[PDB]
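Structure data (PDB, C-alpha atoms and all ligand atoms) from protein_0.pdb:
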ATOM      1  CA  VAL A  49      12.635 -14.073  18.039
ATOM      2  CA  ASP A  50       9.137 -12.909  19.015
ATOM      3  CA  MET A  51       7.273 -12.223  15.782
ATOM      4  CA  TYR A  52       3.767 -11.025  16.594
ATOM      5  CA  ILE A  53       0.816  -9.170  15.092
ATOM      6  CA  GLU A  54      -1.186  -6.178  16.297
ATOM      7  CA  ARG A  55      -4.375  -4.793  14.808
ATOM      8  CA  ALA A  56      -3.955  -1.552  12.884
ATOM      9  CA  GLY A  57      -7.392  -0.870  11.464
ATOM     10  CA  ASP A  58     -10.557  -1.869   9.696
ATOM     11  CA  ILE A  59     -10.340  -2.702   5.999
ATOM     12  CA  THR A  60     -12.588  -0.155   4.319
ATOM     13  CA  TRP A  61     -12.591   2.066   1.257
ATOM     14  CA  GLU A  62     -12.284   5.784   2.027
ATOM     15  CA  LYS A  63     -14.729   8.098   0.271
ATOM     16  CA  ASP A  64     -13.183  11.232  -1.237
ATOM     17  CA  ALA A  65      -9.597  10.047  -0.875
ATOM     18  CA  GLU A  66      -6.283  11.380  -2.149
ATOM     19  CA  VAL A  67      -5.839  10.289  -5.793
ATOM     20  CA  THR A  68      -2.173  10.191  -6.753
ATOM     21  CA  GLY A  69       0.513   8.293  -8.586
ATOM     22  CA  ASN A  70       0.903   7.468 -12.238
ATOM     23  CA  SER A  71      -0.053   4.297 -14.144
ATOM     24  CA  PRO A  72       3.099   2.870 -15.716
ATOM     25  CA  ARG A  73       2.929   0.102 -18.309
ATOM     26  CA  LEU A  74       6.070  -1.977 -17.791
ATOM     27  CA  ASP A  75       7.496  -5.128 -19.357
ATOM     28  CA  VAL A  76       8.499  -7.339 -16.443
ATOM     29  CA  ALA A  77       9.911 -10.779 -15.685
ATOM     30  CA  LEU A  78       9.446 -12.851 -12.519
ATOM     31  CA  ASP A  79      12.043 -15.377 -11.395
ATOM     32  CA  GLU A  80      11.491 -18.500  -9.325
ATOM     33  CA  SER A  81      12.648 -16.682  -6.161
ATOM     34  CA  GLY A  82       9.823 -14.183  -6.478
ATOM     35  CA  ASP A  83      11.928 -11.283  -7.754
ATOM     36  CA  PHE A  84      10.608  -8.967 -10.469
ATOM     37  CA  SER A  85      12.957  -7.361 -12.971
ATOM     38  CA  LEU A  86      12.503  -5.031 -15.932
ATOM     39  CA  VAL A  87      12.797  -6.353 -19.476
ATOM     40  CA  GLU A  88      15.475  -4.313 -21.270
TER      41      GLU A  88
ATOM     42  CA  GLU B  17      -7.465 -13.673  18.239
ATOM     43  CA  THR B  18      -8.192 -13.682  14.519
ATOM     44  CA  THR B  19     -10.682 -10.839  14.231
ATOM     45  CA  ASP B  20     -10.982  -9.430  10.729
ATOM     46  CA  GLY B  21      -8.819  -6.438   9.951
ATOM     47  CA  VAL B  22      -5.407  -5.204   8.901
ATOM     48  CA  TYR B  23      -2.481  -5.930  11.223
ATOM     49  CA  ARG B  24       1.112  -4.889  11.673
ATOM     50  CA  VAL B  25       3.693  -7.686  11.762
ATOM     51  CA  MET B  26       6.278  -6.872  14.431
ATOM     52  CA  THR B  27       9.472  -8.378  15.812
ATOM     53  CA  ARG B  28      10.927  -7.723  19.261
ATOM     54  CA  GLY B  32      12.338  -2.632  21.266
ATOM     55  CA  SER B  33      10.048  -3.677  18.412
ATOM     56  CA  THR B  34      10.415  -3.241  14.652
ATOM     57  CA  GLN B  35       7.621  -3.391  12.095
ATOM     58  CA  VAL B  36       8.628  -5.822   9.351
ATOM     59  CA  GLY B  37       5.315  -5.904   7.503
ATOM     60  CA  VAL B  38       1.535  -5.917   7.403
ATOM     61  CA  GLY B  39      -1.159  -8.433   6.662
ATOM     62  CA  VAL B  40      -4.865  -9.163   6.399
ATOM     63  CA  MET B  41      -7.030 -11.291   8.663
ATOM     64  CA  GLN B  42     -10.077 -12.587   6.794
ATOM     65  CA  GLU B  43     -12.197 -15.695   7.369
ATOM     66  CA  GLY B  44      -9.901 -16.794  10.190
ATOM     67  CA  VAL B  45      -6.789 -16.792   7.968
ATOM     68  CA  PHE B  46      -3.871 -14.360   8.165
ATOM     69  CA  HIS B  47      -2.434 -13.303   4.794
ATOM     70  CA  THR B  48       0.926 -11.621   4.252
ATOM     71  CA  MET B  49       3.953 -11.622   1.991
ATOM     72  CA  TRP B  50       6.448 -14.445   2.374
ATOM     73  CA  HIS B  51       9.416 -12.065   2.636
ATOM     74  CA  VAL B  52       7.827 -10.492   5.739
ATOM     75  CA  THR B  53       7.737 -13.597   7.939
ATOM     76  CA  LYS B  54       9.570 -16.324   5.990
ATOM     77  CA  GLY B  55       6.764 -18.564   7.267
ATOM     78  CA  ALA B  56       7.674 -18.171  10.928
ATOM     79  CA  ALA B  57       4.894 -18.673  13.445
ATOM     80  CA  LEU B  58       3.081 -15.530  14.594
ATOM     81  CA  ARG B  59       1.981 -14.611  18.103
ATOM     82  CA  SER B  60      -1.490 -13.049  18.255
ATOM     83  CA  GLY B  61      -2.239 -11.986  21.786
ATOM     84  CA  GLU B  62      -1.776 -15.132  23.861
ATOM     85  CA  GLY B  63      -2.226 -17.453  20.868
ATOM     86  CA  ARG B  64      -0.043 -18.741  18.062
ATOM     87  CA  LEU B  65      -0.744 -18.767  14.315
ATOM     88  CA  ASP B  66       1.036 -21.413  12.236
ATOM     89  CA  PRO B  67       1.799 -21.187   8.510
ATOM     90  CA  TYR B  68      -0.522 -23.232   6.339
ATOM     91  CA  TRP B  69       0.363 -22.443   2.707
ATOM     92  CA  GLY B  70       2.894 -20.321   0.908
ATOM     93  CA  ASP B  71       4.787 -19.816  -2.313
ATOM     94  CA  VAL B  72       8.151 -18.052  -2.504
ATOM     95  CA  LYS B  73       7.671 -17.202  -6.191
ATOM     96  CA  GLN B  74       4.335 -15.491  -5.538
ATOM     97  CA  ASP B  75       5.881 -14.050  -2.356
ATOM     98  CA  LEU B  76       2.793 -15.015  -0.334
ATOM     99  CA  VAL B  77       1.993 -16.977   2.833
ATOM    100  CA  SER B  78      -1.189 -17.792   4.730
ATOM    101  CA  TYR B  79      -1.656 -18.797   8.374
ATOM    102  CA  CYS B  80      -4.362 -20.978   9.970
ATOM    103  CA  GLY B  81      -5.871 -22.067   6.648
ATOM    104  CA  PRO B  82      -5.753 -21.703   2.870
ATOM    105  CA  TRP B  83      -5.515 -18.372   1.101
ATOM    106  CA  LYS B  84      -8.949 -16.719   1.243
ATOM    107  CA  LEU B  85      -8.544 -13.494  -0.761
ATOM    108  CA  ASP B  86      -9.907 -13.897  -4.271
ATOM    109  CA  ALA B  87     -11.100 -10.475  -5.447
ATOM    110  CA  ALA B  88      -9.382  -9.370  -8.656
ATOM    111  CA  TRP B  89      -8.570  -5.941 -10.029
ATOM    112  CA  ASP B  90     -10.968  -5.248 -12.896
ATOM    113  CA  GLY B  91      -8.169  -3.890 -15.103
ATOM    114  CA  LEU B  92     -10.041  -0.604 -15.311
ATOM    115  CA  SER B  93     -10.917   1.059 -12.015
ATOM    116  CA  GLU B  94      -8.984   3.035  -9.447
ATOM    117  CA  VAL B  95      -7.974   1.212  -6.275
ATOM    118  CA  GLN B  96      -6.878   2.124  -2.758
ATOM    119  CA  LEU B  97      -3.690   1.125  -1.016
ATOM    120  CA  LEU B  98      -4.483   0.821   2.683
ATOM    121  CA  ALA B  99      -0.922   1.658   3.632
ATOM    122  CA  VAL B 100       0.157   0.786   7.174
ATOM    123  CA  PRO B 101       3.673   2.257   7.369
ATOM    124  CA  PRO B 102       5.857   1.685  10.438
ATOM    125  CA  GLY B 103       5.070   4.185  13.157
ATOM    126  CA  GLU B 104       2.209   5.769  11.188
ATOM    127  CA  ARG B 105      -1.544   5.309  11.236
ATOM    128  CA  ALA B 106      -3.215   3.362   8.466
ATOM    129  CA  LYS B 107      -4.104   5.625   5.546
ATOM    130  CA  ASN B 108      -5.918   5.075   2.252
ATOM    131  CA  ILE B 109      -4.197   6.228  -0.957
ATOM    132  CA  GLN B 110      -6.257   6.112  -4.147
ATOM    133  CA  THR B 111      -4.525   5.494  -7.470
ATOM    134  CA  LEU B 112      -5.115   4.166 -10.978
ATOM    135  CA  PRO B 113      -2.887   1.083 -11.371
ATOM    136  CA  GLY B 114      -0.437   0.618 -14.161
ATOM    137  CA  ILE B 115       0.417  -2.799 -15.550
ATOM    138  CA  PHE B 116       3.208  -5.342 -15.247
ATOM    139  CA  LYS B 117       3.205  -7.087 -18.650
ATOM    140  CA  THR B 118       4.736 -10.532 -18.226
ATOM    141  CA  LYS B 119       5.026 -13.572 -20.449
ATOM    142  CA  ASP B 120       2.299 -15.098 -18.238
ATOM    143  CA  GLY B 121      -0.235 -12.274 -18.483
ATOM    144  CA  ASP B 122      -0.650  -8.784 -17.103
ATOM    145  CA  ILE B 123      -0.681  -7.841 -13.407
ATOM    146  CA  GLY B 124      -1.993  -4.569 -12.035
ATOM    147  CA  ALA B 125       0.728  -2.505 -10.397
ATOM    148  CA  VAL B 126       0.708   0.585  -8.182
ATOM    149  CA  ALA B 127       3.271   3.392  -8.367
ATOM    150  CA  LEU B 128       3.423   4.210  -4.660
ATOM    151  CA  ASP B 129       6.560   4.254  -2.496
ATOM    152  CA  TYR B 130       6.608   3.287   1.187
ATOM    153  CA  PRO B 131       9.145   1.880   3.663
ATOM    154  CA  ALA B 132      10.067  -1.821   3.551
ATOM    155  CA  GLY B 133       7.945  -2.569   6.615
ATOM    156  CA  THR B 134       4.808  -1.484   4.741
ATOM    157  CA  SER B 135       5.048  -4.792   2.828
ATOM    158  CA  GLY B 136       1.798  -6.749   2.979
ATOM    159  CA  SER B 137      -0.478  -3.719   3.118
ATOM    160  CA  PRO B 138      -3.737  -4.532   1.317
ATOM    161  CA  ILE B 139      -4.925  -3.026  -1.938
ATOM    162  CA  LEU B 140      -8.686  -2.548  -2.138
ATOM    163  CA  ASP B 141     -11.412  -2.265  -4.747
ATOM    164  CA  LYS B 142     -14.316   0.170  -4.391
ATOM    165  CA  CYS B 143     -16.293  -2.446  -2.418
ATOM    166  CA  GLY B 144     -13.516  -2.789   0.153
ATOM    167  CA  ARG B 145     -12.457  -6.245  -1.045
ATOM    168  CA  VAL B 146      -8.744  -7.042  -0.939
ATOM    169  CA  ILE B 147      -7.549  -7.444  -4.543
ATOM    170  CA  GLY B 148      -3.950  -8.113  -3.499
ATOM    171  CA  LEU B 149      -1.047  -7.146  -1.285
ATOM    172  CA  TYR B 150       1.550  -4.391  -1.733
ATOM    173  CA  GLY B 151       5.291  -4.856  -1.603
ATOM    174  CA  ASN B 152       6.787  -7.021  -4.338
ATOM    175  CA  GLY B 153       7.844  -4.812  -7.187
ATOM    176  CA  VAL B 154      10.438  -3.032  -9.268
ATOM    177  CA  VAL B 155      12.516   0.131  -9.093
ATOM    178  CA  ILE B 156      12.401   2.296 -12.222
ATOM    179  CA  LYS B 157      15.047   4.604 -13.659
ATOM    180  CA  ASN B 158      14.104   7.652 -11.563
ATOM    181  CA  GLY B 159      14.448   5.626  -8.349
ATOM    182  CA  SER B 160      10.750   5.335  -7.574
ATOM    183  CA  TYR B 161       8.871   2.104  -7.001
ATOM    184  CA  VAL B 162       6.085   0.152  -8.626
ATOM    185  CA  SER B 163       4.465  -2.697  -6.691
ATOM    186  CA  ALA B 164       2.600  -5.580  -8.227
ATOM    187  CA  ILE B 165      -0.948  -6.094  -6.954
ATOM    188  CA  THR B 166      -0.028  -9.573  -5.714
ATOM    189  CA  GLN B 167      -3.043 -11.874  -5.274
ATOM    190  CA  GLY B 168      -3.123 -15.552  -4.347
ATOM    191  CA  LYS B 169      -5.408 -18.375  -5.468
ATOM    192  CA  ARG B 170      -8.285 -19.398  -3.210
TER     193      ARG B 170
HETATM  194  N1  LIG C   1      13.299   1.370  -3.676
HETATM  195  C1  LIG C   1      12.241   2.115  -3.611
HETATM  196  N2  LIG C   1      12.000   3.296  -4.260
HETATM  197  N3  LIG C   1      11.135   1.731  -2.820
HETATM  198  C2  LIG C   1      11.200   0.668  -1.829
HETATM  199  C3  LIG C   1       9.781   0.193  -1.528
HETATM  200  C4  LIG C   1       9.679  -1.033  -0.626
HETATM  201  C5  LIG C   1       8.243  -1.478  -0.426
HETATM  202  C6  LIG C   1       8.057  -2.822   0.259
HETATM  203  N4  LIG C   1       8.695  -3.903  -0.488
HETATM  204  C7  LIG C   1       9.915  -4.354  -0.207
HETATM  205  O1  LIG C   1      10.578  -3.953   0.759
HETATM  206  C8  LIG C   1      10.483  -5.386  -1.181
HETATM  207  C9  LIG C   1      11.133  -6.550  -0.434
HETATM  208  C10 LIG C   1      11.810  -7.553  -1.360
HETATM  209  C11 LIG C   1      10.854  -8.375  -2.214
HETATM  210  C12 LIG C   1      11.637  -9.286  -3.144
HETATM  211  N5  LIG C   1      10.827 -10.337  -3.797
HETATM  212  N6  LIG C   1      11.432  -4.728  -2.073
HETATM  213  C13 LIG C   1      11.269  -4.625  -3.402
HETATM  214  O2  LIG C   1      10.234  -4.939  -3.982
HETATM  215  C14 LIG C   1      12.465  -4.091  -4.196
HETATM  216  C15 LIG C   1      12.924  -5.161  -5.213
HETATM  217  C16 LIG C   1      13.811  -4.628  -6.314
HETATM  218  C17 LIG C   1      15.028  -4.017  -6.017
HETATM  219  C18 LIG C   1      15.803  -3.464  -6.999
HETATM  220  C19 LIG C   1      15.393  -3.491  -8.351
HETATM  221  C20 LIG C   1      16.129  -2.868  -9.399
HETATM  222  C21 LIG C   1      15.668  -2.894 -10.684
HETATM  223  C22 LIG C   1      14.483  -3.543 -10.998
HETATM  224  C23 LIG C   1      13.757  -4.174 -10.026
HETATM  225  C24 LIG C   1      14.182  -4.149  -8.675
HETATM  226  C25 LIG C   1      13.414  -4.714  -7.624
HETATM  227  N7  LIG C   1      13.565  -3.748  -3.311
HETATM  228  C26 LIG C   1      13.942  -2.494  -3.059
HETATM  229  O3  LIG C   1      13.287  -1.510  -3.406
HETATM  230  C27 LIG C   1      15.233  -2.360  -2.275
HETATM  231  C28 LIG C   1      15.840  -0.978  -2.345
HETATM  232  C29 LIG C   1      16.598  -0.579  -3.437
HETATM  233  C30 LIG C   1      17.183   0.675  -3.471
HETATM  234  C31 LIG C   1      17.020   1.549  -2.410
HETATM  235  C32 LIG C   1      16.262   1.175  -1.308
HETATM  236  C33 LIG C   1      15.681  -0.086  -1.290
HETATM  237  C34 LIG C   1      16.059   2.110  -0.139
HETATM  238  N8  LIG C   1      14.681   2.577  -0.118
HETATM  239  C35 LIG C   1      13.923   2.569   0.979
HETATM  240  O4  LIG C   1      14.352   2.204   2.078
HETATM  241  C36 LIG C   1      12.492   3.104   0.814
HETATM  242  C37 LIG C   1      12.646   4.617   0.593
HETATM  243  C38 LIG C   1      11.445   5.521   0.883
HETATM  244  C39 LIG C   1      10.471   5.049   1.938
HETATM  245  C40 LIG C   1       9.230   5.950   2.010
HETATM  246  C41 LIG C   1       9.499   7.343   1.444
HETATM  247  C42 LIG C   1       9.866   7.267  -0.030
HETATM  248  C43 LIG C   1      10.693   6.018  -0.337
HETATM  249  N9  LIG C   1      11.877   2.489  -0.353
HETATM  250  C44 LIG C   1      11.876   1.164  -0.554
HETATM  251  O5  LIG C   1      12.401   0.358   0.210
END
Target format structure tokens, applied to this file:
Amino acid sequence: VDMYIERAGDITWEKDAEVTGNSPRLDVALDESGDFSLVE
Amino acid sequence: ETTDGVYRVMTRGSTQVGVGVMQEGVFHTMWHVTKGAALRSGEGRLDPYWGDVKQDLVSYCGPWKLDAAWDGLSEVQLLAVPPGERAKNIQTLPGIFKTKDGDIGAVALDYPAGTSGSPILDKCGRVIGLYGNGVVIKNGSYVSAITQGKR
């Protein structure tokens, strides 16, 4: 399998950008396999 | 080459499985994107150097270089590189993953699986972590940790 990379852009902050999404505060656990779950 | 920038991670028709960051001659992505497999870059080959399945991170060519941290306060930008779409900046105020081992910034933005590894930026353009390891909440939407390694 040919796994390869290709450039997609410069890493820069965009002035006057779209501001969206909320800011949830969540209780979370992380297992040894790298999987997050929600604390219920 | 290893010129600085954001890159798509492809497999071959070709499928975009993720995204990563080239900085200081090291390529940074999420472990689940490549599973540590070698990467072709032009005519060259990049070999895995370090990784951690629990952090869901891997670096190529050298140790993890990204060390900027979210300030817990300011808005950030996801530099999303979705499959088949141009890179685009999305600004957001992170939420928080509260864990027994401290809090992690987290962004409530939903993109296809192959957007994994897209960098999250502070106002100075520094990479404060990578997008794509997260949770699904009750309404079906997604929240990604701001996953950062140790330099
Ligand atoms: N599910 C939603 N809303 N959004 C996801 C965003 C994916 C972003 C990139 N990250 C990943 O692919 C990782 C890989 C694995 C890393 C593992 N260590 N993955 C994830 O973190 C989560 C992990 C997860 C799964 C279930 C959970 C349940 C409860 C609590 C925590 C959980 C954590 N894994 C998934 O999310 C898998 C999943 C579960 C259920 C359904 C889907 C996919 C189908 N969804 C999609 O096809 C796109 C839909 C579109 C794309 C753009 C337009 C709007 C959204 N979204 C999506 O695929």
For the ChimeraX specification (/A :<6) & /B, applied here, can you spell out every residue it catches as a PyMOL selection string? chain B and resi 21-28+58-60+72-75+109-118+127+144+153
CA of residue 44 (chain B) and CA of residue 65 (chain B) are how many Å apart? 10.2 Å
Just checking: using only C-alpha atoms and all ligand atoms, which residue out of B:33, B:42, B:167, B:135 ends up closest to ligand LIG 1 (chain C)? B:135
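Nearest to ligand LIG 1 (chain C) of all the residues B:129, B:141, B:62, B:20 is B:129, counting only C-alpha atoms and all ligand atoms.
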Could you spell out the hits of the PyMOL selection byres (((chain B and resi 54) around 12) and not hetatm) on the shown file, as a list in words? residues 51 of chain A; 25, 36, 37, 48, 49, 50, 51, 52, 53, 55, 56, 57, 58, 66, 67, 69, 70, 71, 72, 75, 76, 77, 78 and 79 of chain B
Axis-aligned box for all listed atoms of region 71-79 of chain A, 5 Å per side, centre and edges in Å to one decimal, as lines of an AutoDock Vina configuration file:
center_x = 6.0
center_y = -5.5
center_z = -15.4
size_x = 22.1
size_y = 29.7
size_z = 18.0
Which is closest to residue 100 (chain B) among B:168, B:132, B:121, B:147, if we use all atoms listed in the file? B:132
Of B:126, B:164, B:155, B:95, the one nearest to ligand LIG 1 (chain C) when counting all atoms listed in the file is B:155
